[PDB]
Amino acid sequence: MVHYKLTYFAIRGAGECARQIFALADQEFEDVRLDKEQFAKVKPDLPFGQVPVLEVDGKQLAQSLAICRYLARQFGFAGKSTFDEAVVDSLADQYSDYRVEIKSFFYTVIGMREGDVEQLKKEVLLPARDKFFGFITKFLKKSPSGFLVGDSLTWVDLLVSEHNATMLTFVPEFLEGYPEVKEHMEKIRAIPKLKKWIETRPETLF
């Protein structure tokens, strides 16, 4: 029996996607949530001095995309071919580039950096969202099954669902002219094992 240990801060952020995979796979795992004092003590012995970090039977593995992709492959949420897996990878990286775009706004709301909320919303967030959902909608209208790629759940379905669900907490008007994305968020998060995890995980904002 493989023993999985996930180490990240007491928040969903970039560690949640890995957590949702463990829930969907019905896989027991050690969910370590650290504070600023405790992270400082372990930081020097982490691959890149950063979290999330996955430990598979001792072996450390950093970087959320690499963690989620690895765990997706093991439990079969990566895609049903290497090309589909590549296309799934592409949506995940496009999502990452989209997070770089809205960093300015995202860190302001939660209060990790100083900024003006209202102009960053209309001038940075919504424009990035428009462009991003434009590509997302394009994948959904190409999909008969509902999922972002192929005819089954893949780990990027989790990434995108969780982000939109999270963003609705801060910006209620996020999915207005985009019913395909809203449908998608609902479809994914309606999955009992996922919903169960949503209902019983530590209520952190973001």
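Throughout, we count residues from 1 along the sequence that is shown.
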>> Test of understanding: from the entry's C-alpha B-factors, which stretch has the higher mean, 93-101 or 109-117?
In response: 109-117
> For the stretches 70-78 and 124-132, which has the higher mean C-alpha B-factor as given in the deposited record?
Replying inline: 124-132
> From 154, 38, 64, 161, can you pick the one with the highest C-alpha B factor in the entry?
Replying inline: 38
>> Among the modelled residues of this chain, does the Cα B factor of residue 53 put it in the lowest, middle or highest third?
In response: lowest
> Where does residue 148 sit by CA temperature factor within its chain: lowest, middle or highest third?
Replying inline: lowest
> If you rank every modelled residue in this chain by C-alpha B factor, which third holds residue 2: lowest, middle or highest?
Replying inline: middle
